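*Asks:* One structure, pasted below without further comment.
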Amino acid sequence: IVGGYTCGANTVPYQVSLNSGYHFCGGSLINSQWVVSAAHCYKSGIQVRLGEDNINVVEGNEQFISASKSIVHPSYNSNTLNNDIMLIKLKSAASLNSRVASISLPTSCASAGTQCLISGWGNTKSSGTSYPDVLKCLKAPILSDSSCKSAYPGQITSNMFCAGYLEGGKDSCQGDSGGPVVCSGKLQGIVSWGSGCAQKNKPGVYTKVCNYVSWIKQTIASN
Ligand SMILES: NC(=[NH2+])c1ccc2[nH]c(-c3ncccc3[O-])nc2c1
Ligand SMILES: [Ca+2]
């Protein structure tokens, strides 16, 4: 997260870290056995880490559970990143409490102007790599579709939305991929891509979760 602040241990109880010997992506807990992340974060050998704050120290509240299966959306395109969403089922359910909690799926899409919270352990520099130990937060608004399409002409599908600051300085970055964009208590986006990090006129692009709620409910219901 570039231009963000330290969230505070366990203030974001639905944030998960996807780990394969190191942190590589974020994700959101939506029920005690399912996590939603981005299809480009897929790999085998994923351990889901819940109740995390400092990812390099065990401090208490952490739950490490291995993933039983990862379901990348059947229509995910790795060249356009359209349908960039993946569901991970956990080997055992997580114990929920106030430090580990699920986030709700939306009942409607959000409008531009809505302010949202983006969090993650990804890069905090736009030029160079500086990964934090603790979780960083950034509050960003959803931009209008014209500013998003004018920024990435021909690269935005209707399953993507832009959120961020056109003046630059604040944005999500690598390491944040797969993580949450929560607005008014609902999971509205997933960190998917952007051109560099925090660059002027290059806002972040997120998977528009409101378009996958029926798919998520049907896939969890049949697995
Ligand atoms: N500007 C953003 N909001 C953003 C978000 C996620 C990213 N992930 C990446 C990224 N991911 C994997 C390898 C290199 C990257 O620059 N760039 C990213 C940029
Ligand atoms: Ca820790």
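By order of appearance in the structure tokens: chains A, B, ..., then residues from 1 within every chain, and ligands from 1 in the order shown.
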Distance limit 8 Å, reference ligand 2, atoms considered: only C-alpha atoms and all ligand atoms. Which residues make the cut? Give them as a PyMOL selection string.
*Replies:* chain A and resi 51-60+62
*Asks:* Kindly provide the residues of chain A that approach ligand 1 to within 10 Å, each paired with its closest atom pair and their distance in Å to one decimal, based on only C-alpha atoms and all ligand atoms, listed by chain and increasing number, as a Markdown table.
*Replies:*
| residue | atom | partner | partner_atom_place_in_ligand_line | distance |
| --- | --- | --- | --- | --- |
| A:1 | CA | ligand 1 | 3 (N) | 8.4 |
| A:2 | CA | ligand 1 | 1 (N) | 9.1 |
| A:24 | CA | ligand 1 | 12 (C) | 9.2 |
| A:25 | CA | ligand 1 | 8 (N) | 9.3 |
| A:40 | CA | ligand 1 | 12 (C) | 8.7 |
| A:41 | CA | ligand 1 | 12 (C) | 9.0 |
| A:118 | CA | ligand 1 | 3 (N) | 10.0 |
| A:122 | CA | ligand 1 | 6 (C) | 8.4 |
| A:123 | CA | ligand 1 | 7 (C) | 9.2 |
| A:126 | CA | ligand 1 | 1 (N) | 8.7 |
| A:162 | CA | ligand 1 | 3 (N) | 8.8 |
| A:163 | CA | ligand 1 | 3 (N) | 8.5 |
| A:164 | CA | ligand 1 | 3 (N) | 8.0 |
| A:168 | CA | ligand 1 | 1 (N) | 10.0 |
| A:170 | CA | ligand 1 | 3 (N) | 9.1 |
| A:171 | CA | ligand 1 | 3 (N) | 5.4 |
| A:172 | CA | ligand 1 | 3 (N) | 4.1 |
| A:173 | CA | ligand 1 | 4 (C) | 3.9 |
| A:174 | CA | ligand 1 | 8 (N) | 3.7 |
| A:175 | CA | ligand 1 | 8 (N) | 6.7 |
| A:176 | CA | ligand 1 | 6 (C) | 5.9 |
| A:177 | CA | ligand 1 | 6 (C) | 4.9 |
| A:178 | CA | ligand 1 | 6 (C) | 8.3 |
| A:179 | CA | ligand 1 | 6 (C) | 9.3 |
| A:190 | CA | ligand 1 | 5 (C) | 9.5 |
| A:191 | CA | ligand 1 | 5 (C) | 5.7 |
| A:192 | CA | ligand 1 | 6 (C) | 5.3 |
| A:193 | CA | ligand 1 | 5 (C) | 4.1 |
| A:194 | CA | ligand 1 | 1 (N) | 3.7 |
| A:195 | CA | ligand 1 | 1 (N) | 5.5 |
| A:196 | CA | ligand 1 | 1 (N) | 5.2 |
| A:197 | CA | ligand 1 | 1 (N) | 4.0 |
| A:198 | CA | ligand 1 | 1 (N) | 6.1 |
| A:199 | CA | ligand 1 | 1 (N) | 7.8 |
| A:202 | CA | ligand 1 | 1 (N) | 7.3 |
| A:203 | CA | ligand 1 | 1 (N) | 6.4 |
| A:204 | CA | ligand 1 | 3 (N) | 3.4 |
| A:205 | CA | ligand 1 | 3 (N) | 5.9 |
| A:206 | CA | ligand 1 | 3 (N) | 7.8 |
*Asks:* Can you tell me, as a ChimeraX atom specification, which residues in chain A count as alpha helix (DSSP H) by DSSP?
*Replies:* /A:145-151,213-221
*Asks:* Go ahead and save the residues from that selection, with C-alpha atoms, as a short mmCIF file (atom, residue, chain, number, x, y, z; two decimals), in the first residue's frame.
*Replies:*
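part_5.cif was written with the following content:
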data_model
loop_
_atom_site.label_atom_id
_atom_site.label_comp_id
_atom_site.auth_asym_id
_atom_site.auth_seq_id
_atom_site.Cartn_x
_atom_site.Cartn_y
_atom_site.Cartn_z
CA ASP A 145 -16.28 4.92 -15.28
CA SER A 146 -15.21 7.75 -17.64
CA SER A 147 -12.08 8.57 -15.59
CA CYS A 148 -11.26 4.81 -15.35
CA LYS A 149 -11.66 4.21 -19.11
CA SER A 150 -9.92 7.41 -19.99
CA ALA A 151 -7.01 6.21 -17.81
CA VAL A 213 -22.15 -12.84 -6.02
CA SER A 214 -24.50 -15.40 -7.65
CA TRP A 215 -21.39 -17.37 -8.93
CA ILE A 216 -19.80 -17.26 -5.48
CA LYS A 217 -23.04 -18.45 -3.77
CA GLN A 218 -23.57 -21.20 -6.39
CA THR A 219 -19.93 -22.41 -6.32
CA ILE A 220 -19.77 -22.51 -2.47
CA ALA A 221 -23.17 -24.23 -2.43
#
*Asks:* Do a neighbour search on residue A:207 at 9 Å with only C-alpha atoms, toss out local chain neighbours closer than 6 positions, and write the hits as a list in words.
*Replies:*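 Near neighbours after the sequence-gap exclusion: residues 38, 81, 82, 83, 84, 85, 159, 160, 161, 188, 189, 190, 191 and 192 of chain A.
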*Asks:* Grab the atom CA of residue A:102 to atom CA of residue A:44 distance for me, in Å with one decimal place.
*Replies:* 23.6 Å
*Asks:* Rank nothing, just name the residue among A:70, A:119, A:63, A:111 nearest to residue A:26, using only C-alpha atoms.
*Replies:*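 The shortest atom-to-atom distance to residue A:26 comes from A:119.
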*Asks:* Which residues come within 12 Å of residue A:46, counting only C-alpha atoms, excluding same-chain residues fewer than 3 positions away, as a ChimeraX atom specification?
*Replies:* /A:16-27,35,37,41-43,49,64-70,88-91
*Asks:* Could those selected residues go to a file with N, CA, C and O atoms, as a short mmCIF file (atom, residue, chain, number, x, y, z; two decimals), in the first residue's frame?
*Replies:*
data_model
loop_
_atom_site.label_atom_id
_atom_site.label_comp_id
_atom_site.auth_asym_id
_atom_site.auth_seq_id
_atom_site.Cartn_x
_atom_site.Cartn_y
_atom_site.Cartn_z
N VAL A 16 -6.76 -11.80 4.99
CA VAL A 16 -5.98 -13.03 5.19
C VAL A 16 -4.69 -12.78 4.39
O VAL A 16 -4.63 -11.88 3.56
N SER A 17 -3.67 -13.54 4.63
CA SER A 17 -2.36 -13.43 3.93
C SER A 17 -2.33 -14.79 3.23
O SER A 17 -2.78 -15.76 3.84
N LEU A 18 -1.84 -14.92 2.01
CA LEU A 18 -1.81 -16.24 1.35
C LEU A 18 -0.31 -16.43 1.49
O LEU A 18 0.46 -15.56 1.13
N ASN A 19 0.12 -17.54 2.01
CA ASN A 19 1.56 -17.82 2.22
C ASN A 19 2.05 -19.11 1.59
O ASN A 19 1.35 -20.11 1.67
N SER A 20 3.19 -19.14 0.95
CA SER A 20 3.75 -20.39 0.33
C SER A 20 5.23 -20.35 0.77
O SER A 20 6.16 -20.62 0.02
N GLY A 21 5.49 -20.01 1.99
CA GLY A 21 6.87 -19.93 2.50
C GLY A 21 7.19 -18.45 2.58
O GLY A 21 8.26 -18.02 3.00
N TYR A 22 6.31 -17.62 2.15
CA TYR A 22 6.53 -16.14 2.20
C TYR A 22 5.15 -15.60 1.85
O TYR A 22 4.31 -16.34 1.34
N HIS A 23 4.89 -14.35 2.10
CA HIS A 23 3.56 -13.73 1.79
C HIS A 23 3.58 -13.39 0.30
O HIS A 23 4.53 -12.79 -0.16
N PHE A 24 2.60 -13.72 -0.46
CA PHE A 24 2.58 -13.42 -1.89
C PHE A 24 1.28 -12.74 -2.25
O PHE A 24 1.29 -12.06 -3.26
N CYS A 25 0.20 -12.86 -1.53
CA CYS A 25 -1.08 -12.16 -1.91
C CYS A 25 -1.99 -12.05 -0.71
O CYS A 25 -1.78 -12.70 0.30
N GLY A 26 -3.02 -11.27 -0.83
CA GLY A 26 -4.00 -11.09 0.29
C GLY A 26 -5.29 -11.76 -0.07
O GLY A 26 -5.37 -12.35 -1.14
N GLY A 27 -6.28 -11.69 0.78
CA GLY A 27 -7.58 -12.33 0.48
C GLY A 27 -8.58 -11.92 1.53
O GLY A 27 -8.22 -11.29 2.51
N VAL A 35 -12.41 -18.35 1.44
CA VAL A 35 -11.68 -17.07 1.30
C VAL A 35 -11.81 -16.60 -0.15
O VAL A 35 -11.84 -17.45 -1.02
N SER A 37 -10.06 -14.40 -3.23
CA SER A 37 -8.80 -13.72 -3.57
C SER A 37 -8.84 -13.50 -5.10
O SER A 37 -9.89 -13.57 -5.72
N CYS A 41 -3.53 -14.96 -8.26
CA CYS A 41 -2.71 -15.29 -7.06
C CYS A 41 -2.67 -16.80 -6.92
O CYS A 41 -2.09 -17.37 -6.02
N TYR A 42 -3.29 -17.50 -7.80
CA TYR A 42 -3.32 -18.97 -7.72
C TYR A 42 -1.96 -19.64 -7.79
O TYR A 42 -1.09 -19.15 -8.47
N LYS A 43 -1.81 -20.73 -7.09
CA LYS A 43 -0.59 -21.56 -7.04
C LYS A 43 -1.00 -22.73 -6.18
O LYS A 43 -2.04 -22.70 -5.55
N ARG A 49 -3.35 -17.58 6.14
CA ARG A 49 -3.01 -17.10 7.50
C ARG A 49 -4.01 -16.01 7.93
O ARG A 49 -4.10 -14.92 7.38
N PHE A 64 -3.35 -20.71 11.14
CA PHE A 64 -2.67 -21.10 9.85
C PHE A 64 -3.44 -22.30 9.41
O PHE A 64 -3.45 -23.29 10.11
N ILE A 65 -4.09 -22.24 8.29
CA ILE A 65 -4.90 -23.40 7.79
C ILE A 65 -4.52 -23.65 6.36
O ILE A 65 -4.41 -22.71 5.59
N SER A 66 -4.35 -24.85 5.95
CA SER A 66 -4.00 -25.09 4.54
C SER A 66 -5.24 -25.00 3.64
O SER A 66 -6.37 -25.25 4.07
N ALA A 67 -5.06 -24.68 2.40
CA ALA A 67 -6.21 -24.58 1.47
C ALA A 67 -6.58 -25.99 0.99
O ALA A 67 -5.67 -26.73 0.68
N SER A 68 -7.82 -26.40 0.92
CA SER A 68 -8.19 -27.76 0.46
C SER A 68 -8.28 -27.62 -1.07
O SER A 68 -7.78 -28.49 -1.75
N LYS A 69 -8.93 -26.62 -1.62
CA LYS A 69 -9.00 -26.48 -3.11
C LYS A 69 -9.06 -25.01 -3.46
O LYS A 69 -9.53 -24.23 -2.65
N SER A 70 -8.61 -24.63 -4.61
CA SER A 70 -8.66 -23.21 -5.05
C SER A 70 -9.49 -23.30 -6.32
O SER A 70 -9.20 -24.14 -7.15
N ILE A 88 -11.09 -20.06 -2.30
CA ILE A 88 -10.17 -21.08 -1.77
C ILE A 88 -10.97 -21.74 -0.71
O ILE A 88 -11.53 -20.98 0.06
N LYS A 89 -11.05 -23.03 -0.62
CA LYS A 89 -11.85 -23.63 0.47
C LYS A 89 -10.73 -23.96 1.51
O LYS A 89 -9.63 -24.32 1.12
N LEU A 90 -10.96 -23.85 2.80
CA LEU A 90 -9.90 -24.14 3.82
C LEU A 90 -10.03 -25.62 4.23
O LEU A 90 -11.11 -26.18 4.14
N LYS A 91 -8.96 -26.24 4.67
CA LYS A 91 -9.02 -27.67 5.09
C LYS A 91 -9.94 -27.77 6.31
O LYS A 91 -10.61 -28.77 6.44
#
*Asks:* Where does DSSP see strand (DSSP E) in stretch 61-101 of chain A, if you list the residues as number ranges by chain?
*Replies:* A: 63-72, 86-90
*Asks:* Could you take the residues named above and write them with N, CA and C atoms, as a short mmCIF file (atom, residue, chain, number, x, y, z; two decimals), in the first residue's frame?
*Replies:*
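Result written to out.cif:
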data_model
loop_
_atom_site.label_atom_id
_atom_site.label_comp_id
_atom_site.auth_asym_id
_atom_site.auth_seq_id
_atom_site.Cartn_x
_atom_site.Cartn_y
_atom_site.Cartn_z
N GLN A 63 -4.14 -17.97 12.94
CA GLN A 63 -4.69 -19.33 12.68
C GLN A 63 -4.05 -19.61 11.32
N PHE A 64 -3.35 -20.71 11.14
CA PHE A 64 -2.67 -21.10 9.85
C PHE A 64 -3.44 -22.30 9.41
N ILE A 65 -4.09 -22.24 8.29
CA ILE A 65 -4.90 -23.40 7.79
C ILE A 65 -4.52 -23.65 6.36
N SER A 66 -4.35 -24.85 5.95
CA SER A 66 -4.00 -25.09 4.54
C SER A 66 -5.24 -25.00 3.64
N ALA A 67 -5.06 -24.68 2.40
CA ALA A 67 -6.21 -24.58 1.47
C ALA A 67 -6.58 -25.99 0.99
N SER A 68 -7.82 -26.40 0.92
CA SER A 68 -8.19 -27.76 0.46
C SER A 68 -8.28 -27.62 -1.07
N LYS A 69 -8.93 -26.62 -1.62
CA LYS A 69 -9.00 -26.48 -3.11
C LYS A 69 -9.06 -25.01 -3.46
N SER A 70 -8.61 -24.63 -4.61
CA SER A 70 -8.66 -23.21 -5.05
C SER A 70 -9.49 -23.30 -6.32
N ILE A 71 -10.50 -22.48 -6.51
CA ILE A 71 -11.38 -22.49 -7.71
C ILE A 71 -11.17 -21.17 -8.46
N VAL A 72 -10.41 -21.15 -9.53
CA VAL A 72 -10.16 -19.91 -10.31
C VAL A 72 -11.43 -19.79 -11.17
N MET A 86 -10.94 -15.81 -7.47
CA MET A 86 -10.69 -17.21 -7.09
C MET A 86 -11.25 -17.45 -5.70
N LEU A 87 -11.78 -18.61 -5.45
CA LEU A 87 -12.34 -18.95 -4.12
C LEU A 87 -11.39 -20.01 -3.57
N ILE A 88 -11.09 -20.06 -2.30
CA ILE A 88 -10.17 -21.08 -1.77
C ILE A 88 -10.97 -21.74 -0.71
N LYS A 89 -11.05 -23.03 -0.62
CA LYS A 89 -11.85 -23.63 0.47
C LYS A 89 -10.73 -23.96 1.51
N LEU A 90 -10.96 -23.85 2.80
CA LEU A 90 -9.90 -24.14 3.82
C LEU A 90 -10.03 -25.62 4.23
#
*Asks:* Record the distance separating atom CA of residue A:223 and atom CA of residue A:39, expressed in Å with one decimal.
*Replies:*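 So the two atoms, atom CA of residue A:223 and atom CA of residue A:39, lie 17.7 Å apart.
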*Asks:* In Å, rounded to a single decimal, give me how far atom CA of residue A:8 is from atom CA of residue A:138.
*Replies:*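 Atom CA of residue A:8 lies 12.4 Å from atom CA of residue A:138.
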*Asks:* As a list in words, please: the residues near residue A:13 (cut-off 9 Å, only C-alpha atoms, same-chain neighbours under 3 positions excluded).
*Replies:*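 Contacts, in chain order: residues 9, 10, 16, 29, 50, 51, 52, 97, 98, 99, 100, 101, 102 and 103 of chain A.
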